[PDB]
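There are 2 protein chains.
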Amino acid sequence: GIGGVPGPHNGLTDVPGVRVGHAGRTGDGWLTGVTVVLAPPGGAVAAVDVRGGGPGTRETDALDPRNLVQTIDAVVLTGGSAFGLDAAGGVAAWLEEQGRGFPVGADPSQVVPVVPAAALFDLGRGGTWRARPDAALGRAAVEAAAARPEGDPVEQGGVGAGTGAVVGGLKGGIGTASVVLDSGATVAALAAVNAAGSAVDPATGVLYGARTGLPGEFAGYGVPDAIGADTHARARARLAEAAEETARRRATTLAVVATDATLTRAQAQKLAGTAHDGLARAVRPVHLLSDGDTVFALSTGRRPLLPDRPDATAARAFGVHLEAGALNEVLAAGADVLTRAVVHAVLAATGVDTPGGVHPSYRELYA
Amino acid sequence: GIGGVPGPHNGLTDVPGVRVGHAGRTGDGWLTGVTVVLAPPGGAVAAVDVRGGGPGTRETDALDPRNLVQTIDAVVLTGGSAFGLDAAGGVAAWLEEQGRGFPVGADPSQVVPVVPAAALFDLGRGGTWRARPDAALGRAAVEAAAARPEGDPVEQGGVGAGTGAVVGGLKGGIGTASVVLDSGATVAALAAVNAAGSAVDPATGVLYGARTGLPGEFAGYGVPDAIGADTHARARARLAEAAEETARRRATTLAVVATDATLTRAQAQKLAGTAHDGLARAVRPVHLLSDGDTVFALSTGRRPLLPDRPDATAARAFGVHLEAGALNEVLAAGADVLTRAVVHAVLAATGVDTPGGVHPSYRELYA
Ligand SMILES: *CC(=O)CCNC(=O)[C@H](O)C(C)(C)CO
Ligand SMILES: *CC(=O)CCNC(=O)[C@H](O)C(C)(C)CO
Numbered sequence: 002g003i004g005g006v007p008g009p010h011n012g013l014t015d016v017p018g019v020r021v022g023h024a025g026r027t028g029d030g031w032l033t034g035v036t037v038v039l040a041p042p043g044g045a046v047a048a049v050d051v052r053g054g055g056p057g058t059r060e061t062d063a064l065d066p067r068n069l070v071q072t073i074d075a076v077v078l079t080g081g082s083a084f085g086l087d088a089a090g091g092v093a094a095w096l097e098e099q100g101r102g103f104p105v106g107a108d109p110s111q112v113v114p115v116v117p118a119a120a121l122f123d124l125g126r127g128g129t130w131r132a133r134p135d136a137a138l139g140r141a142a143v144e145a146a147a148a149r150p151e152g153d154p155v156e157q158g159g160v161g162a163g164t165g166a167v168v169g170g171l172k173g174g175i176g177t178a179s180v181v182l183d184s185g186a187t188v189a190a191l192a193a194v195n196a197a198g199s200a201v202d203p204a205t206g207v208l209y210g211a212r213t214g215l216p217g218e219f220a221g222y223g224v225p226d227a228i229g230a231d232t233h234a235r236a237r238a239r240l241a242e243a244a245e246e247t248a249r250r251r252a253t254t255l256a257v258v259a260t261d262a263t264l265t266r267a268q269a270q271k272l273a274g275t276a277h278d279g280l281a282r283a284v285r286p287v288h289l290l291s292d293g294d295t296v297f298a299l300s301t302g303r304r305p306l307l308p309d310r311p312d313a314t315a316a317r318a319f320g321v322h323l324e325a326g327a328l329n330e331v332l333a334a335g336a337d338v339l340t341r342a343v344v345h346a347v348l349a350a351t352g353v354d355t356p357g358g359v360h361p362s363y364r365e366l367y368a
Numbered sequence: 002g003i004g005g006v007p008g009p010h011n012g013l014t015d016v017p018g019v020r021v022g023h024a025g026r027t028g029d030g031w032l033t034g035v036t037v038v039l040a041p042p043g044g045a046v047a048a049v050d051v052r053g054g055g056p057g058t059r060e061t062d063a064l065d066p067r068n069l070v071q072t073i074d075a076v077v078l079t080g081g082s083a084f085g086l087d088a089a090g091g092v093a094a095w096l097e098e099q100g101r102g103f104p105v106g107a108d109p110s111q112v113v114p115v116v117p118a119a120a121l122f123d124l125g126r127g128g129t130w131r132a133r134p135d136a137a138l139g140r141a142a143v144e145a146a147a148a149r150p151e152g153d154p155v156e157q158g159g160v161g162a163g164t165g166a167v168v169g170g171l172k173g174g175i176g177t178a179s180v181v182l183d184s185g186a187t188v189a190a191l192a193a194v195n196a197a198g199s200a201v202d203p204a205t206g207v208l209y210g211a212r213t214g215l216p217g218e219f220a221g222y223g224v225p226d227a228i229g230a231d232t233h234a235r236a237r238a239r240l241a242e243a244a245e246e247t248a249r250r251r252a253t254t255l256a257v258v259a260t261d262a263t264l265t266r267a268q269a270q271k272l273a274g275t276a277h278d279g280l281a282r283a284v285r286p287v288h289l290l291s292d293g294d295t296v297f298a299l300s301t302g303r304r305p306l307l308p309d310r311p312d313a314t315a316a317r318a319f320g321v322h323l324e325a326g327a328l329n330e331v332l333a334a335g336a337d338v339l340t341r342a343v344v345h346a347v348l349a350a351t352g353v354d355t356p357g358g359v360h361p362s363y364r365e366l367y368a
């Protein structure tokens, strides 16, 4: 009864201790930003799965299950394509100042922060080609995460890494969702949706990810349950026109999935992997050479995976395995929270019109 | 142009020179079998992506892009869980008899066949726990493949590896689909569907994969595309009946994706990866610890990726890259054909009732 519903704010921060910060620059040629997910003091077990064919990434080898540093404090998601990876340097600097990183000496101030990053391509979308996130903007983002209270609703839409995100020609952005499992563990996702493929079924106008939604969760946005053939046809025409104008004017989904269920790094790497199936149910096509799709998975380690006295109803792989049963539930939830966070990204967005592109939002076309 | 429609029979053998063979055993305790995809003489460039958390496989390392043997002749999909991998030895023996394999000597008869295989769990579904595919059954499957003409319609349903296959409690089976690209290249999938998760949305009775179907392709199966609340209620209860009876009596999707577009092994390996997204769109949940989901990708290397009129209509990644654009189309097609093949598997199945299980088909419940 207590599972199958969202956590308190239906977002990443429903995983207690997890913090989210956005920093962006809009106007005067700029339409880009950075989003930082910051783990609670002491770090979180982290893993990654880079599945798109055209990634821009940093520090992903350090996250291999074989390797030395198992827990990290921060994950960076950034615009500005590979240049935007510069933002991570500013987050490492802040963490160092905070004394947070892997200890490399006797002096507890001697730490080396392991800061993975992934980037999305938004170059020129504000008008100025070289307007990209830098160290200072990465630092701003992590400082804003540190400044938030625990369990603060995550801000969605055209903010942080989603500031210049575009999804199938429509304005994309930041989206987030959570679910509580029957065990009391929370699983949640945050996504910066910048897909080259479409979040929208081109035959009907329906959001691919919608049917994975929990009851009523999208209502606060106000979108018809039937989409008329005419509404959809006008929408397609508008989008084709914004796309043609965008093109004349011009002369990847990044995600973090988190849970408070205690996962080893290998299990978190499997979670990052199953989250990609949630992405596939929300966007089509995905993971192509032109997509940089990357999922980071975090576990705060606060709840055991399996409760202390299992029922006949506890999930069991092959009828017998309780740990694998409990892990399957987390993995399937990882997919579902990412599908749902994609839909929220698409519904939370508002359109833009700059010298670097015209991108109407889903609601502007269908609401 | 000519793309976005099926090839002549809407199946793997639309990829010219590709052959499919099934051998199975039904009755007297048995409900299992083997399916072999047999490439044309000279072999096919092959790769693999094992994404399920509970695989049973053979000879997957030999298909790494870095390694020695880049082309192979046969891929084996088998029932019988890990025991059923024995079937591949019979296929290797037959290929050696044919002089087909990696040359290991000046003598042309001296070959070592690289025969990758994957297995699906169907133990005891015929009534007898130890009735599993063996080498003779694998040999029968590849002999059956070799005797087929080119372009032969693929047999679907409870045949071959699909003989004992079950998908979310419903009878699973073999399914297949193809699509032609604008280039004239064909991309196709064959799937043996045995998922622990569901091919059906539990709120509507709708097949997850259907909205990826090509218009009209499923019409022959005589299944409504809008399901009444009364039908759905009856179907749920019937399945739950079968499932309880199955449990009393007793008390993974494997796929080959092929194309004639010339691909490098690394390109085919990416294709085996994107195909898994198409599996995600047909089955939920998937890729879990209890799923042994495996995709093998084959290229017959008969048509260049690029034809020769690079119209402002030939796809281009980032507006400029012709080769990456053409590959993107194959990668996206690889996902879609596997989604559609899964639906065909579900629709082609007919139900079973044996001492080891009761598994009604989707059509028996919904049509
Ligand atoms: C999906 C997307 O926005 C592409 C993200 N990747 C990049 O921007 C890379 O740095 C590219 C593909 C431009 C260069 O390797
Ligand atoms: C998806 C499925 O049918 C299971 C395929 N894998 C197996 O049968 C393995 O051999 C198991 C998981 C039983 C043991 O490693």
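So the protein sequences, as listed, match chains Y and B.
First residue of the first sequence: 2, per the working numbering; consecutive thereafter.
First residue of the second sequence: 2, per the working numbering; consecutive thereafter.
Ideal Cβ positions, reconstructed from N, Cα and C, are used throughout, including at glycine.
- Look at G80 of chain B: its C-beta is not under 8 Å from any C-beta on chain Y.
- From the beta-carbon of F319 of chain B, the residues of chain Y found nearer than 7 Å are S291.
- A contact between stretches requires three or more CB pairs, one per stretch, nearer than 8 Å, and the stretch 179 to 194 of chain Y meets this requirement with the stretch 332 to 345 of chain Y.
- Interface criterion not met: the Cβ of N195 of chain Y is under 8 Å from no Cβ in chain B.
- For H360 of chain Y, the enclosing beta strand (DSSP E) has its first and last residue at 358 to 360.
- Residues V180, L182, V188 of the same chain have their beta carbon placed closer than 7 Å to that of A334 of chain B, with the five preceding and five following residues left out of the count.
- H322 of chain B carries a strand assignment under DSSP once its states are collapsed to helix, strand and coil.
- The Cβ atoms of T72 of chain Y and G44 of chain Y lie closer than 8 Å to each other.
- Contact between the stretch 100 to 112 of chain B and the stretch 134 to 141 of chain B is not established, with fewer than three Cβ pairs separated by less than 8 Å.
- From the beta-carbon of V287 of chain B, the residues of chain Y found nearer than 7 Å are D278.
- Judged by DSSP in its simplified three-state form, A120 of chain Y adopts strand.
- Here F219 of chain Y carries a coil assignment [DSSP, helix/strand/coil].
- At a beta-carbon threshold of 9 Å, none of the residues of chain B lie near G210 of chain Y; the nearest stands roughly 11 Å away.
- In the DSSP secondary-structure assignment, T355 of chain Y is bridged to Y:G358.
- Taking a C-beta distance under 8 Å as the contact criterion, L348 of chain Y and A327 of chain Y do not qualify as a contact pair.
- CA-CA distance, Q157 of chain Y to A227 of chain Y, rounds to 25 Å.
- Between ligand 2 and the CB of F122 of chain B, the shortest heavy atom gap is smaller than 7 Å.
- Within the model, the alpha-carbon separation for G90 of chain Y versus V76 of chain Y is close to 12 Å.
- For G57 of chain B, there are no C-beta contacts with chain Y under 8 Å, since the nearest C-beta of that chain is about 13 Å from it.
- The alpha-carbon of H360 of chain B is positioned some 8 Å away from that of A244 of chain B.
- The alpha-carbon of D292 of chain Y is positioned some 26 Å away from that of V143 of chain Y.
- Contact annotation, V46 of chain Y with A269 of chain Y: C-beta distance approximately 6 Å; criterion of less than 8 Å satisfied.
- Going by DSSP, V143 of chain Y is part of the alpha helix (DSSP H) stretching over 136 to 147.
- Fewer than three Cβ pairs drawn from the stretch 303 to 322 of chain B and the stretch 230 to 246 of chain B lie within less than 8 Å of each other, which leaves the two stretches out of contact.
- Around the beta carbon of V92 of chain Y, 16 or more other beta carbons lie within 10 angstroms, which makes this residue buried.
- Inclusion of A162 of chain Y and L78 of chain Y in the CB contact set at 8 Å is warranted, their separation being smaller than that value.
- The alpha-carbon of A256 of chain Y is positioned some 51 Å away from that of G106 of chain B.
- Taking a beta-carbon distance threshold of 8 Å, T260 of chain Y does not count as an interface residue toward chain B.
- Ligand 2 has no heavy atom closer than 7 Å to the beta-carbon of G206 of chain B.
- Across the set Y:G214, Y:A166, Y:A63, Y:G173, the C-alpha of Y:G214 shows the shortest separation from the C-alpha of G5 of chain Y.
- Taken atom to atom, the span from the alpha-carbon of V49 of chain B to that of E151 of chain Y is near 44 Å.
- Distances between the C-beta of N195 of chain Y and the heavy atoms of ligand 1 include at least one below 7 Å.
- Under the 8 Å criterion on CB atoms, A333 of chain Y is classed as interfacial with respect to chain B.
- An exposed status is given to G217 of chain Y, since fewer than 16 other beta-carbon atoms sit within 10 Å of its beta-carbon.
- Taking a C-beta cut-off of 7 Å against chain B, the contacting residues of the stretch 326 to 356 of chain Y are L328, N329, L332, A333, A336, listed in chain order.
- Contact annotation: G30 of chain Y and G127 of chain Y have beta-carbon atoms nearer than 8 Å.
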